[PDB]
Amino acid sequence: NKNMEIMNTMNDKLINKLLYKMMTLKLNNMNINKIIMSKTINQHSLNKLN
Amino acid sequence: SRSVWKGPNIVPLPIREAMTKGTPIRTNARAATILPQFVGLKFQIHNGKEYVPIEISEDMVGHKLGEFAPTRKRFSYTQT
Amino acid sequence: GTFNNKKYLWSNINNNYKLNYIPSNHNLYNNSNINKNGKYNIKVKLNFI
Amino acid sequence: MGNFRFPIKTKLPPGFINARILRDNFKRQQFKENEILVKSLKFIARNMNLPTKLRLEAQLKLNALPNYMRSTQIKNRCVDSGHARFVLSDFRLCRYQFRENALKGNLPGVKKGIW
Amino acid sequence: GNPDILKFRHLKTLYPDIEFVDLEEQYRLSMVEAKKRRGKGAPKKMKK
RNA sequence: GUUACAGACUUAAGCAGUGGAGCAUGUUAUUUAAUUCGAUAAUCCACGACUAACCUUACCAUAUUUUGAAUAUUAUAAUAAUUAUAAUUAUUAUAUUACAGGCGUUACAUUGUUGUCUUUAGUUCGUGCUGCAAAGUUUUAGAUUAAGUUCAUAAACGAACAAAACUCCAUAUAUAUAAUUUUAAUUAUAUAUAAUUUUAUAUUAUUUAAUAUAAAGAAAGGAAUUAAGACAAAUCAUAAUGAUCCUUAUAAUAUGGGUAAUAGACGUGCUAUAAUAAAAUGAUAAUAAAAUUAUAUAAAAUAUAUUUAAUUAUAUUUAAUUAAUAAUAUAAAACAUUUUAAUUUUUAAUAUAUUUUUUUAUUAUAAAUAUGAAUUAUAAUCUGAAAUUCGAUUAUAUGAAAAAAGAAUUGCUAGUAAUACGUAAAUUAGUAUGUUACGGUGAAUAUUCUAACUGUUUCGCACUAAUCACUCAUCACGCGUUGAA
Ligand SMILES: [Mg+2]
Ligand SMILES: [Mg+2]
Ligand SMILES: [Mg+2]
Ligand SMILES: [Mg+2]
Ligand SMILES: [Mg+2]
Ligand SMILES: [Mg+2]
Ligand SMILES: [Mg+2]
Ligand SMILES: [Mg+2]
Ligand SMILES: [Mg+2]
Ligand SMILES: [Mg+2]
Ligand SMILES: [Mg+2]
Ligand SMILES: [Mg+2]
Ligand SMILES: [Mg+2]
Ligand SMILES: [Mg+2]
Ligand SMILES: [Mg+2]
Ligand SMILES: [Mg+2]
Ligand SMILES: [Mg+2]
Ligand SMILES: [Mg+2]
Ligand SMILES: [Mg+2]
Ligand SMILES: [Mg+2]
Ligand SMILES: [Mg+2]
Ligand SMILES: [Mg+2]
Ligand SMILES: [Mg+2]
Ligand SMILES: [Mg+2]
Ligand SMILES: [Mg+2]
Ligand SMILES: [Mg+2]
Ligand SMILES: [Mg+2]
Ligand SMILES: [Mg+2]
Ligand SMILES: [Mg+2]
Ligand SMILES: [Mg+2]
Ligand SMILES: [Mg+2]
Ligand SMILES: [Mg+2]
C-alpha cells in the first residue's frame, strides 16, 4: 500500500528534524555543545524499523 | 441538477413572505432554477458587485437567476 | 586531491551511480545557516578512492 | 470566532504549516467526519422510488451543507512546501520540491530517469 | 500526516534533565530582540 | 564596424510544415469593481500552470474575525490517566504580554535551482627553467581528433576540474531460476563475457595513414553527464532568509463575481481546403509495445437512442484483479470489396454481344459538393451539493470561411523525418487540439560559394567596474587668480 509507504517516509522525515533539534544541548547557560549529526537512514524491515 | 431526472435545481429562499407582502428577494444564489411558484416576485440577484432588481416573467421559468444579472461590463475600445 | 577514481580505470571493478547521477565514491552535501547579512551555505564534496 | 479560524478545533498537521494548508486540512477532516451522512443524503435525493417530498428535503439539506463538507473542495497540496500545482500523488509533493527530495535520496525508490 | 508527532515542547516533558536548545526558535527570539532595540519592533495590538 | 582557418541542421539539396482560412491555446493592447502575480531578444509567448465551475486564488464586491498556526512567560479553574478519598502528571478552558502572520517591496541583498554560451573544449596547479620583474614556459613547431584528443617537436616533468572512460537503455552469447496453469520459455531477471572492433592483400602519399578489396564477427544506436567564467539572464509566487514596510490590517473566514472580458496585433498548435485520397464494411475477430488499476480498473449481459443486429453513446449491474494471474483493451494504419461531386469522365429506356459487377448504338440526363465542420436552435445524458457567467458527451437540425496560401520563415540525415498510424499515464469529482511516454509503417536527398555564431588564431588597443569602456569642446551654475581698459 503506497499511501502507507508515503506516510512512513513522512514520519521518518519528521523524526529527522526532531533528532536534529535534540542534538544541541546546553549546560546551565555556560557551554552550548552543538553535536553534529548526519542525515538519518531509516531501515524498514518487516519486523522492525531501525 | 441539469438532467431532467433529479431536477430541477432548488435553493432555500424567503419566498412565502415575498408572496404575502412585496418585499424583494435578495438572491446571491445565481444557480437557482426559476420555478412556476415564483413568477411575479421581485428578485434582487447578485452581480458580483451590486444586486440587480428583476421581476420574473413567465418566459423566465426554465432559466437560472444568474442568467439575468450580467457580471461583466459591456466591452469598448478607447480609440487613441 | 582528485575526484576521479583509478580503481575503475584499469580493472574488472566498474563505477556505479547513486540515484543514477552521483559516482559511488563521491559524496556531496550542503548546509545553509543564516547570518546577520542573510542566507549562506557550505557545499562539501569528498572523493574516497 | 477569535480563538480559531474555523468552527471546529482541529489539530495542526506536522512539519510544514501554511494558511492554505491549514484551510485544506480542516476541510479534509470535516469531509472525513461527514462522509457517510452526505452519501446518504445524496442517495435520498437521487431516488425515483422514494417519496418526492423527502427527496426534496434531502436536496435542500445537501445544498445547505457548509463549504467544509464538500469533497470537491479538497485540493492536493504539497506537504513539504505548500504549493498546489503539479502535485504528484505518489509522494505528496510539488514538482520542484519532489525533484529536490528525489536527488537528495529522500524518496524511497526514486532516481534519475536515464533509460 | 500524523498530528500527534513529537515536538520540541515535549525534544522538556519526557527528559527534564537534558537542557535542550531549539535553534530556530532561539534565532527568532534574537531577531525580535534586535528589532526591539533598533525601533523596528511590532506595534502594540489593538483590543477594543 | 579585424585577420586566418575549422565546425553543424549553419547553409545547400530533400521531406513535411508556418505565414492565407476557421477553431484551440498563450501573449499583447485596451476594457473592467476585479480581469491576481510573475515570464516578455536569441535564452517570453500549451512558459511558471501535469487539468481556473466552488476550491485551487493570490484579484474584486459585501459581510465578519482580532494572540489569531506558533513558542515562551504569569495565573485562576475543570477533566482524565496513573497510584495507595488524597496526590503526581497531562491536557483543556478564560485571560496575559513579547508576538504570530503577510503570494507586501527588492533575485541590482541572498540561498538553492535553472536558462544561454555548452557535450562546447576549454579552466588551472606543482617542481624545474626563462625574464630585474608583473609574468612566461608547461597549456605548442607542424598535423590530427568529435576533443588541451592522441602523434611529433620543444625547458620541461608530472598532476587536477572538464574531454574520453566507467554508468543506464537497447544488442549478442553463456550460466542460474521458473514443477512451462501467474507462461509470454518466441519470455523475465540476476550474474558474467563481448569491441572506443580485429586481421591481411593492394593502391596513393610519406615505419605509418586514408581508400579499396577480402574473412572474422550479432556487432549498429540512443540516454544521462553540458567545465570555468560571464549575461547584476530567470525565480523573494516551490521553499527559505537579509533589510524594509503592514499589525482592527498589507493578517484571518464565508457568499458571489473575476482570472474565460474583446478593436487591432503577435506567437505556438488543431482542423481543414477531395480521387498518388476521403468515407461504409471486414467475429474461427491481421499484426504491437509501454503503462495504470484500495482516494480503484470496471468485464460480460440487459434497456433506450434504433425493427431486425452490429456499430457508437448513455443507463441498468458489478463478474474478475488490487495483478506476469482479471480489467483498462478484439491496436490503428495496412490489405480487400463498395462508394465518391466537380466530370454527358455518369445515370436509365430501348436494343446490342465471344469486355456481361461490362461493351457499342440512339434517345433523355443543363467555381464549395455526397468537400469542410465554424456558427447557432432545440432535446437529452455525464460529473458534481452546484454547470448562469463557465465544463464534457449524444441526437435532430444549422452547414461561415477555406480552391494548398505574399515577402519571409520552422523542424528533421535513419528506424530519423513523414504519417487523415494508433496506444498509454501524470494532473481530476469532471473536462487535453497541451504535456510526458510507447510501439506500427517508413523515405528522400548530401559540400561547394556567402551571411551569422561558436573555437583557436593575425594585427591593433589611450579600455582594466575592461566598449553600457574611456573620452573631446562650446553653452549653462557658483567661487578664485591674472590680463586689457
Ligand atoms: Mg479538486
Ligand atoms: Mg534548408
Ligand atoms: Mg495573421
Ligand atoms: Mg494562420
Ligand atoms: Mg498575465
Ligand atoms: Mg523580474
Ligand atoms: Mg511551448
Ligand atoms: Mg471563495
Ligand atoms: Mg492576500
Ligand atoms: Mg516578521
Ligand atoms: Mg541565485
Ligand atoms: Mg590554450
Ligand atoms: Mg600560460
Ligand atoms: Mg508457454
Ligand atoms: Mg562524459
Ligand atoms: Mg559553466
Ligand atoms: Mg540576476
Ligand atoms: Mg536582473
Ligand atoms: Mg525577503
Ligand atoms: Mg513579486
Ligand atoms: Mg513564502
Ligand atoms: Mg485581509
Ligand atoms: Mg489564461
Ligand atoms: Mg478528402
Ligand atoms: Mg482488427
Ligand atoms: Mg461491455
Ligand atoms: Mg491480463
Ligand atoms: Mg461533410
Ligand atoms: Mg466562401
Ligand atoms: Mg473528418
Ligand atoms: Mg513513432
Ligand atoms: Mg577547435
# chains A, B, ... in the order shown; residues from 1 in each chain; ligands from 1
>>> residues_near_ligand(ligand="ligand 5", cutoff="9 Å", atoms="only C-alpha atoms (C1' of nucleotides) and all ligand atoms", output="number ranges by chain")
F: 27, 36-39
>>> residues_near_ligand(ligand="ligand 14", cutoff="12 Å", atoms="only C-alpha atoms (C1' of nucleotides) and all ligand atoms", output="PDB file with N, CA, C and O atoms (P, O5', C5', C4', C3', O3' and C1' of nucleotides), in the first residue's frame")
ATOM      1  P     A F 178      13.499 -23.254  -9.618  1.00  0.00           P
ATOM      2  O5'   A F 178      12.395 -22.641 -10.588  1.00  0.00           O
ATOM      3  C5'   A F 178      11.277 -21.910 -10.056  1.00  0.00           C
ATOM      4  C4'   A F 178      10.386 -21.413 -11.169  1.00  0.00           C
ATOM      5  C3'   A F 178       9.823 -22.479 -12.107  1.00  0.00           C
ATOM      6  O3'   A F 178       8.738 -23.271 -11.609  1.00  0.00           O
ATOM      7  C1'   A F 178      10.519 -20.556 -13.334  1.00  0.00           C
ATOM      8  P     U F 180       8.011 -26.039 -14.856  1.00  0.00           P
ATOM      9  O5'   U F 180       6.636 -25.266 -15.101  1.00  0.00           O
ATOM     10  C5'   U F 180       5.580 -25.816 -15.922  1.00  0.00           C
ATOM     11  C4'   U F 180       5.043 -24.783 -16.889  1.00  0.00           C
ATOM     12  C3'   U F 180       4.123 -25.348 -17.974  1.00  0.00           C
ATOM     13  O3'   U F 180       3.128 -24.489 -18.536  1.00  0.00           O
ATOM     14  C1'   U F 180       6.005 -24.379 -18.989  1.00  0.00           C
ATOM     15  P     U F 181       2.137 -23.625 -17.625  1.00  0.00           P
ATOM     16  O5'   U F 181       1.843 -24.572 -16.376  1.00  0.00           O
ATOM     17  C5'   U F 181       1.679 -24.037 -15.043  1.00  0.00           C
ATOM     18  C4'   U F 181       0.605 -22.971 -15.006  1.00  0.00           C
ATOM     19  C3'   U F 181       0.040 -22.646 -13.627  1.00  0.00           C
ATOM     20  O3'   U F 181      -0.260 -21.256 -13.548  1.00  0.00           O
ATOM     21  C1'   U F 181      -1.709 -23.377 -15.027  1.00  0.00           C
ATOM     22  P     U F 182      -0.053 -20.453 -12.178  1.00  0.00           P
ATOM     23  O5'   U F 182      -1.199 -19.343 -12.226  1.00  0.00           O
ATOM     24  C5'   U F 182      -1.629 -18.721 -13.459  1.00  0.00           C
ATOM     25  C4'   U F 182      -0.901 -17.414 -13.688  1.00  0.00           C
ATOM     26  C3'   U F 182       0.398 -17.514 -14.494  1.00  0.00           C
ATOM     27  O3'   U F 182       0.346 -16.839 -15.761  1.00  0.00           O
ATOM     28  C1'   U F 182       0.586 -16.043 -12.599  1.00  0.00           C
ATOM     29  P     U F 183      -0.765 -17.180 -16.894  1.00  0.00           P
ATOM     30  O5'   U F 183       0.097 -17.818 -18.071  1.00  0.00           O
ATOM     31  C5'   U F 183       0.509 -17.055 -19.225  1.00  0.00           C
ATOM     32  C4'   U F 183       1.759 -17.668 -19.812  1.00  0.00           C
ATOM     33  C3'   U F 183       1.589 -19.075 -20.395  1.00  0.00           C
ATOM     34  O3'   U F 183       1.749 -19.162 -21.814  1.00  0.00           O
ATOM     35  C1'   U F 183       3.581 -18.849 -19.060  1.00  0.00           C
ATOM     36  P     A F 184       0.858 -18.290 -22.828  1.00  0.00           P
ATOM     37  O5'   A F 184       1.749 -16.984 -23.041  1.00  0.00           O
ATOM     38  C5'   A F 184       2.291 -16.618 -24.330  1.00  0.00           C
ATOM     39  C4'   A F 184       3.728 -16.155 -24.211  1.00  0.00           C
ATOM     40  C3'   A F 184       4.675 -17.037 -23.401  1.00  0.00           C
ATOM     41  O3'   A F 184       4.976 -18.315 -23.987  1.00  0.00           O
ATOM     42  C1'   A F 184       4.923 -14.816 -22.677  1.00  0.00           C
ATOM     43  P     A F 185       6.160 -18.527 -25.062  1.00  0.00           P
ATOM     44  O5'   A F 185       7.441 -18.798 -24.151  1.00  0.00           O
ATOM     45  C5'   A F 185       8.531 -17.855 -24.066  1.00  0.00           C
ATOM     46  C4'   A F 185       9.869 -18.548 -23.931  1.00  0.00           C
ATOM     47  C3'   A F 185      10.037 -19.899 -24.628  1.00  0.00           C
ATOM     48  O3'   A F 185      11.344 -20.022 -25.179  1.00  0.00           O
ATOM     49  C1'   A F 185      10.443 -20.141 -22.311  1.00  0.00           C
ATOM     50  P     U F 186      11.551 -20.599 -26.658  1.00  0.00           P
ATOM     51  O5'   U F 186      11.213 -19.345 -27.579  1.00  0.00           O
ATOM     52  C5'   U F 186      12.022 -18.157 -27.523  1.00  0.00           C
ATOM     53  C4'   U F 186      11.347 -17.003 -28.233  1.00  0.00           C
ATOM     54  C3'   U F 186      10.581 -16.013 -27.353  1.00  0.00           C
ATOM     55  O3'   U F 186      11.062 -14.688 -27.560  1.00  0.00           O
ATOM     56  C1'   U F 186       9.236 -16.707 -29.182  1.00  0.00           C
ATOM     57  P     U F 187      12.193 -14.095 -26.592  1.00  0.00           P
ATOM     58  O5'   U F 187      11.410 -13.862 -25.226  1.00  0.00           O
ATOM     59  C5'   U F 187      10.146 -13.178 -25.199  1.00  0.00           C
ATOM     60  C4'   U F 187       9.480 -13.368 -23.860  1.00  0.00           C
ATOM     61  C3'   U F 187      10.183 -12.723 -22.680  1.00  0.00           C
ATOM     62  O3'   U F 187       9.926 -11.322 -22.669  1.00  0.00           O
ATOM     63  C1'   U F 187       9.506 -14.914 -22.100  1.00  0.00           C
TER      64        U F 187
END
>>> residues_around(residues="stretch 24-32 of chain D", least_positions_apart="4", cutoff="9 Å", atoms="only C-alpha atoms (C1' of nucleotides)", output="list in words")
residues 6, 8, 9, 10, 11, 12, 13, 19, 20, 36, 38, 67, 68, 69, 70, 71, 73, 74, 75, 76 and 77 of chain D
>>> write_last_selection(atoms="N, CA and C atoms", output="PDB file, in the first residue's frame")
ATOM      1  N   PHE D   6     -11.724  28.363  11.941  1.00  0.00           N
ATOM      2  CA  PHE D   6     -12.863  27.559  11.504  1.00  0.00           C
ATOM      3  C   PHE D   6     -13.738  27.216  12.718  1.00  0.00           C
ATOM      4  N   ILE D   8     -14.674  24.205  14.034  1.00  0.00           N
ATOM      5  CA  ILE D   8     -14.230  23.052  14.827  1.00  0.00           C
ATOM      6  C   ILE D   8     -12.731  23.138  15.123  1.00  0.00           C
ATOM      7  N   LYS D   9     -12.361  22.845  16.371  1.00  0.00           N
ATOM      8  CA  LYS D   9     -10.951  22.786  16.783  1.00  0.00           C
ATOM      9  C   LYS D   9     -10.289  21.519  16.237  1.00  0.00           C
ATOM     10  N   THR D  10      -9.557  21.670  15.134  1.00  0.00           N
ATOM     11  CA  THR D  10      -8.747  20.593  14.562  1.00  0.00           C
ATOM     12  C   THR D  10      -7.277  20.823  14.895  1.00  0.00           C
ATOM     13  N   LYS D  11      -6.499  19.742  14.889  1.00  0.00           N
ATOM     14  CA  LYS D  11      -5.059  19.823  15.140  1.00  0.00           C
ATOM     15  C   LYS D  11      -4.331  20.388  13.928  1.00  0.00           C
ATOM     16  N   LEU D  12      -3.119  20.880  14.164  1.00  0.00           N
ATOM     17  CA  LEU D  12      -2.244  21.320  13.085  1.00  0.00           C
ATOM     18  C   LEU D  12      -1.500  20.105  12.547  1.00  0.00           C
ATOM     19  N   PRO D  13      -1.298  20.037  11.216  1.00  0.00           N
ATOM     20  CA  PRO D  13      -0.530  18.922  10.675  1.00  0.00           C
ATOM     21  C   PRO D  13       0.956  19.083  10.998  1.00  0.00           C
ATOM     22  N   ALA D  19      -1.144  28.768   5.779  1.00  0.00           N
ATOM     23  CA  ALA D  19      -2.558  29.160   5.907  1.00  0.00           C
ATOM     24  C   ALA D  19      -3.467  28.339   4.998  1.00  0.00           C
ATOM     25  N   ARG D  20      -3.061  28.234   3.737  1.00  0.00           N
ATOM     26  CA  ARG D  20      -3.757  27.420   2.735  1.00  0.00           C
ATOM     27  C   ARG D  20      -3.808  25.944   3.110  1.00  0.00           C
ATOM     28  N   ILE D  36     -20.293   9.654   5.277  1.00  0.00           N
ATOM     29  CA  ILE D  36     -21.462   8.748   5.265  1.00  0.00           C
ATOM     30  C   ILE D  36     -22.784   9.518   5.167  1.00  0.00           C
ATOM     31  N   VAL D  38     -23.431  12.610   4.110  1.00  0.00           N
ATOM     32  CA  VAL D  38     -23.524  13.249   2.791  1.00  0.00           C
ATOM     33  C   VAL D  38     -23.957  12.254   1.714  1.00  0.00           C
ATOM     34  N   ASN D  67     -19.176  24.816   3.337  1.00  0.00           N
ATOM     35  CA  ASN D  67     -18.010  24.723   2.452  1.00  0.00           C
ATOM     36  C   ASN D  67     -17.103  23.527   2.768  1.00  0.00           C
ATOM     37  N   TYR D  68     -16.990  23.197   4.054  1.00  0.00           N
ATOM     38  CA  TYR D  68     -16.048  22.169   4.533  1.00  0.00           C
ATOM     39  C   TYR D  68     -16.547  20.713   4.458  1.00  0.00           C
ATOM     40  N   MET D  69     -17.840  20.515   4.195  1.00  0.00           N
ATOM     41  CA  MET D  69     -18.392  19.168   3.940  1.00  0.00           C
ATOM     42  C   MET D  69     -18.159  18.655   2.512  1.00  0.00           C
ATOM     43  N   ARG D  70     -17.718  19.529   1.605  1.00  0.00           N
ATOM     44  CA  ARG D  70     -17.735  19.230   0.172  1.00  0.00           C
ATOM     45  C   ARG D  70     -16.455  18.465  -0.176  1.00  0.00           C
ATOM     46  N   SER D  71     -16.611  17.319  -0.839  1.00  0.00           N
ATOM     47  CA  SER D  71     -15.478  16.514  -1.310  1.00  0.00           C
ATOM     48  C   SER D  71     -14.721  17.210  -2.440  1.00  0.00           C
ATOM     49  N   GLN D  73     -14.288  20.342  -2.939  1.00  0.00           N
ATOM     50  CA  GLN D  73     -13.458  21.416  -2.373  1.00  0.00           C
ATOM     51  C   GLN D  73     -12.017  21.028  -2.008  1.00  0.00           C
ATOM     52  N   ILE D  74     -11.762  19.735  -1.795  1.00  0.00           N
ATOM     53  CA  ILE D  74     -10.432  19.263  -1.388  1.00  0.00           C
ATOM     54  C   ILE D  74      -9.462  19.391  -2.564  1.00  0.00           C
ATOM     55  N   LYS D  75      -8.271  19.917  -2.279  1.00  0.00           N
ATOM     56  CA  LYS D  75      -7.216  20.108  -3.274  1.00  0.00           C
ATOM     57  C   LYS D  75      -5.904  19.570  -2.705  1.00  0.00           C
ATOM     58  N   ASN D  76      -5.251  18.687  -3.458  1.00  0.00           N
ATOM     59  CA  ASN D  76      -3.985  18.083  -3.034  1.00  0.00           C
ATOM     60  C   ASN D  76      -2.835  19.089  -3.049  1.00  0.00           C
ATOM     61  N   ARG D  77      -2.440  19.525  -1.855  1.00  0.00           N
ATOM     62  CA  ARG D  77      -1.286  20.405  -1.669  1.00  0.00           C
ATOM     63  C   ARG D  77       0.005  19.606  -1.648  1.00  0.00           C
TER      64      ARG D  77
END
>>> closest_atom_pairs(of="chain F", to="ligand 27", cutoff="9 Å", atoms="only C-alpha atoms (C1' of nucleotides) and all ligand atoms", output="JSON lines")
{"residue": "F:321", "atom": "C1'", "partner": "ligand 27", "partner_atom_place_in_ligand_line": "1 (Mg)", "distance": 9.0}
{"residue": "F:323", "atom": "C1'", "partner": "ligand 27", "partner_atom_place_in_ligand_line": "1 (Mg)", "distance": 7.9}
{"residue": "F:324", "atom": "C1'", "partner": "ligand 27", "partner_atom_place_in_ligand_line": "1 (Mg)", "distance": 8.6}
{"residue": "F:325", "atom": "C1'", "partner": "ligand 27", "partner_atom_place_in_ligand_line": "1 (Mg)", "distance": 7.3}
{"residue": "F:326", "atom": "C1'", "partner": "ligand 27", "partner_atom_place_in_ligand_line": "1 (Mg)", "distance": 5.8}
{"residue": "F:327", "atom": "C1'", "partner": "ligand 27", "partner_atom_place_in_ligand_line": "1 (Mg)", "distance": 7.2}
>>> interface_residues(of="chain A", to="chain C", cutoff="12 Å", atoms="only C-alpha atoms", output="MDAnalysis selection string")
chainID A and resid 36:39
>>> residues_around(residues="stretch 1-10 of chain C", least_positions_apart="6", cutoff="9 Å", atoms="only C-alpha atoms (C1' of nucleotides)", output="PyMOL selection string")
(chain C and resi 25-26+45-49) or (chain F and resi 160-161+165-166)
>>> residues_around(residues="stretch 27-33 of chain E", least_positions_apart="5", cutoff="10 Å", atoms="only C-alpha atoms (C1' of nucleotides)", output="ChimeraX atom specification")
/C:34,36 /E:22,38,40-42 /F:71-72,98-99
>>> write_last_selection(atoms="C-alpha atoms (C1' of nucleotides)", output="PDB file, in the first residue's frame")
ATOM      1  CA  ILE C  34      21.514  32.117   8.280  1.00  0.00           C
ATOM      2  CA  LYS C  36      23.336  38.679  10.148  1.00  0.00           C
TER       3      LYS C  36
ATOM      4  CA  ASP E  22      15.661  24.743  19.746  1.00  0.00           C
ATOM      5  CA  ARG E  38      16.593  49.439  16.854  1.00  0.00           C
ATOM      6  CA  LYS E  40      11.609  48.249  14.422  1.00  0.00           C
ATOM      7  CA  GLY E  41       9.583  46.120  16.873  1.00  0.00           C
ATOM      8  CA  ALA E  42       5.948  45.171  16.282  1.00  0.00           C
TER       9      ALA E  42
ATOM     10  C1'   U F  71       6.949  29.418  21.160  1.00  0.00           C
ATOM     11  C1'   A F  72       7.552  31.230  25.981  1.00  0.00           C
ATOM     12  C1'   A F  98       6.529  39.514  23.743  1.00  0.00           C
ATOM     13  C1'   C F  99       4.450  38.269  19.262  1.00  0.00           C
TER      14        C F  99
END
>>> residues_around(residues="residue A:12", least_positions_apart="3", cutoff="12 Å", atoms="only C-alpha atoms (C1' of nucleotides)", output="PyMOL selection string")
(chain A and resi 5-9+15-19+39-44+49-50) or (chain D and resi 14-15+106-108) or (chain E and resi 1-2+5-6)
>>> closest_atom_pairs(of="chain F", to="chain B", cutoff="12 Å", atoms="only C-alpha atoms (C1' of nucleotides)", output="Markdown table")
| residue | atom | partner | partner_atom | distance |
| --- | --- | --- | --- | --- |
| F:29 | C1' | B:77 | CA | 10.0 |
| F:30 | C1' | B:77 | CA | 5.8 |
| F:31 | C1' | B:75 | CA | 5.8 |
| F:32 | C1' | B:73 | CA | 6.6 |
| F:33 | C1' | B:49 | CA | 6.4 |
| F:34 | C1' | B:48 | CA | 9.5 |
| F:35 | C1' | B:72 | CA | 9.4 |
| F:53 | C1' | B:31 | CA | 11.2 |
| F:54 | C1' | B:31 | CA | 11.8 |
| F:60 | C1' | B:49 | CA | 8.0 |
| F:61 | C1' | B:49 | CA | 4.2 |
| F:62 | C1' | B:49 | CA | 8.0 |
| F:255 | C1' | B:28 | CA | 7.1 |
| F:256 | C1' | B:48 | CA | 5.5 |
| F:257 | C1' | B:48 | CA | 3.7 |
| F:258 | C1' | B:48 | CA | 8.6 |
| F:260 | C1' | B:72 | CA | 11.5 |
| F:261 | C1' | B:72 | CA | 6.7 |
| F:262 | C1' | B:75 | CA | 6.6 |
| F:263 | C1' | B:77 | CA | 5.9 |
| F:264 | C1' | B:77 | CA | 10.1 |
| F:379 | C1' | B:4 | CA | 10.6 |
| F:380 | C1' | B:3 | CA | 8.0 |
| F:381 | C1' | B:3 | CA | 7.1 |
| F:382 | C1' | B:3 | CA | 9.0 |
| F:383 | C1' | B:1 | CA | 10.8 |
| F:384 | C1' | B:1 | CA | 9.1 |
| F:385 | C1' | B:1 | CA | 9.4 |
| F:386 | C1' | B:31 | CA | 7.0 |
| F:387 | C1' | B:2 | CA | 7.8 |
| F:388 | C1' | B:67 | CA | 4.1 |
| F:389 | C1' | B:71 | CA | 6.5 |
| F:390 | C1' | B:67 | CA | 11.7 |
>>> interface_residues(of="chain F", to="chain E", cutoff="12 Å", atoms="only C-alpha atoms (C1' of nucleotides)", output="VMD selection string")
chain F and resid 66 to 68 70 to 72 89 to 90 97 to 101 241 to 249 251
>>> closest_residue(among="A:27, A:46, A:22, A:10", to="residue E:15", atoms="only C-alpha atoms")
A:22
>>> residues_near_ligand(ligand="ligand 21", cutoff="12 Å", atoms="only C-alpha atoms (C1' of nucleotides) and all ligand atoms", output="list in words")
residues 16, 17, 18, 19, 20, 81, 82 and 83 of chain D; 101, 102, 103, 104, 236, 237, 238, 239, 240 and 241 of chain F
>>> closest_atom_pairs(of="chain D", to="chain C", cutoff="12 Å", atoms="only C-alpha atoms", output="CSV")
residue,atom,partner,partner_atom,distance
D:99,CA,C:19,CA,11.9
D:101,CA,C:19,CA,11.4
D:102,CA,C:19,CA,8.3
D:103,CA,C:19,CA,7.0
D:104,CA,C:19,CA,8.6
D:105,CA,C:19,CA,7.1
D:106,CA,C:19,CA,10.6
D:107,CA,C:19,CA,10.2
D:108,CA,C:19,CA,10.8
D:109,CA,C:19,CA,8.8
D:110,CA,C:19,CA,7.2
D:111,CA,C:19,CA,4.3
D:112,CA,C:20,CA,5.2
D:113,CA,C:20,CA,7.8
D:114,CA,C:20,CA,7.3
D:115,CA,C:20,CA,10.3
>>> write_last_selection(atoms="C-alpha atoms", output="CSV table (one decimal), in the first residue's frame")
chain,number,residue,atom,x,y,z
D,99,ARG,CA,12.8,16.8,-7.6
D,101,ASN,CA,13.8,15.4,-2.5
D,102,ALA,CA,14.5,12.8,-5.2
D,103,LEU,CA,18.0,14.0,-6.0
D,104,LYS,CA,18.8,14.0,-2.2
D,105,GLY,CA,17.6,10.4,-1.9
D,106,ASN,CA,14.7,11.2,0.4
D,107,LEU,CA,12.3,9.3,-1.8
D,108,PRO,CA,12.1,5.6,-1.1
D,109,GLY,CA,12.9,4.3,-4.7
D,110,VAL,CA,13.2,7.3,-6.9
D,111,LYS,CA,16.3,8.0,-9.1
D,112,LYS,CA,17.3,9.7,-12.3
D,113,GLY,CA,15.3,8.6,-15.4
D,114,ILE,CA,18.2,7.6,-17.7
D,115,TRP,CA,16.6,4.9,-19.9
>>> residues_near_ligand(ligand="ligand 4", cutoff="8 Å", atoms="only C-alpha atoms (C1' of nucleotides) and all ligand atoms", output="ChimeraX atom specification")
/F:18-21
>>> closest_atom_pairs(of="chain F", to="ligand 15", cutoff="9 Å", atoms="only C-alpha atoms (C1' of nucleotides) and all ligand atoms", output="tab-separated table")
residue	atom	partner	partner_atom_place_in_ligand_line	distance
F:119	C1'	ligand 15	1 (Mg)	7.4
F:163	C1'	ligand 15	1 (Mg)	6.9
F:164	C1'	ligand 15	1 (Mg)	6.6
F:165	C1'	ligand 15	1 (Mg)	7.7
F:225	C1'	ligand 15	1 (Mg)	5.8
>>> residues_near_ligand(ligand="ligand 30", cutoff="12 Å", atoms="only C-alpha atoms (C1' of nucleotides) and all ligand atoms", output="list in words")
residues 271, 272, 274, 278, 279, 371, 372, 373 and 420 of chain F
>>> interface_residues(of="chain F", to="chain D", cutoff="6 Å", atoms="only C-alpha atoms (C1' of nucleotides)", output="list in words")
residues 50, 55, 65, 168, 169, 223, 224, 238, 385 and 429 of chain F
>>> residues_near_ligand(ligand="ligand 17", cutoff="7 Å", atoms="only C-alpha atoms (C1' of nucleotides) and all ligand atoms", output="PyMOL selection string")
chain F and resi 107+232-233
>>> write_last_selection(atoms="N, CA and C atoms (P, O5', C5', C4', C3', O3' and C1' of nucleotides)", output="PDB file, in the first residue's frame")
ATOM      1  P     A F 107      14.725  43.219  -8.135  1.00  0.00           P
ATOM      2  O5'   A F 107      15.272  41.895  -7.436  1.00  0.00           O
ATOM      3  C5'   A F 107      15.144  40.595  -8.064  1.00  0.00           C
ATOM      4  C4'   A F 107      16.441  39.824  -7.935  1.00  0.00           C
ATOM      5  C3'   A F 107      16.975  39.142  -9.197  1.00  0.00           C
ATOM      6  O3'   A F 107      18.364  39.388  -9.396  1.00  0.00           O
ATOM      7  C1'   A F 107      16.744  37.548  -7.436  1.00  0.00           C
ATOM      8  P     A F 232      23.978  42.358 -17.543  1.00  0.00           P
ATOM      9  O5'   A F 232      24.807  41.788 -16.305  1.00  0.00           O
ATOM     10  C5'   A F 232      24.871  42.476 -15.039  1.00  0.00           C
ATOM     11  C4'   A F 232      24.334  41.585 -13.944  1.00  0.00           C
ATOM     12  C3'   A F 232      22.809  41.510 -13.853  1.00  0.00           C
ATOM     13  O3'   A F 232      22.350  40.189 -13.585  1.00  0.00           O
ATOM     14  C1'   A F 232      23.683  42.287 -11.804  1.00  0.00           C
ATOM     15  P     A F 233      20.932  39.707 -14.153  1.00  0.00           P
ATOM     16  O5'   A F 233      21.274  39.290 -15.655  1.00  0.00           O
ATOM     17  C5'   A F 233      20.573  39.827 -16.799  1.00  0.00           C
ATOM     18  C4'   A F 233      19.729  38.763 -17.466  1.00  0.00           C
ATOM     19  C3'   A F 233      18.631  38.143 -16.609  1.00  0.00           C
ATOM     20  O3'   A F 233      17.475  38.976 -16.611  1.00  0.00           O
ATOM     21  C1'   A F 233      19.878  36.420 -17.630  1.00  0.00           C
TER      22        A F 233
END
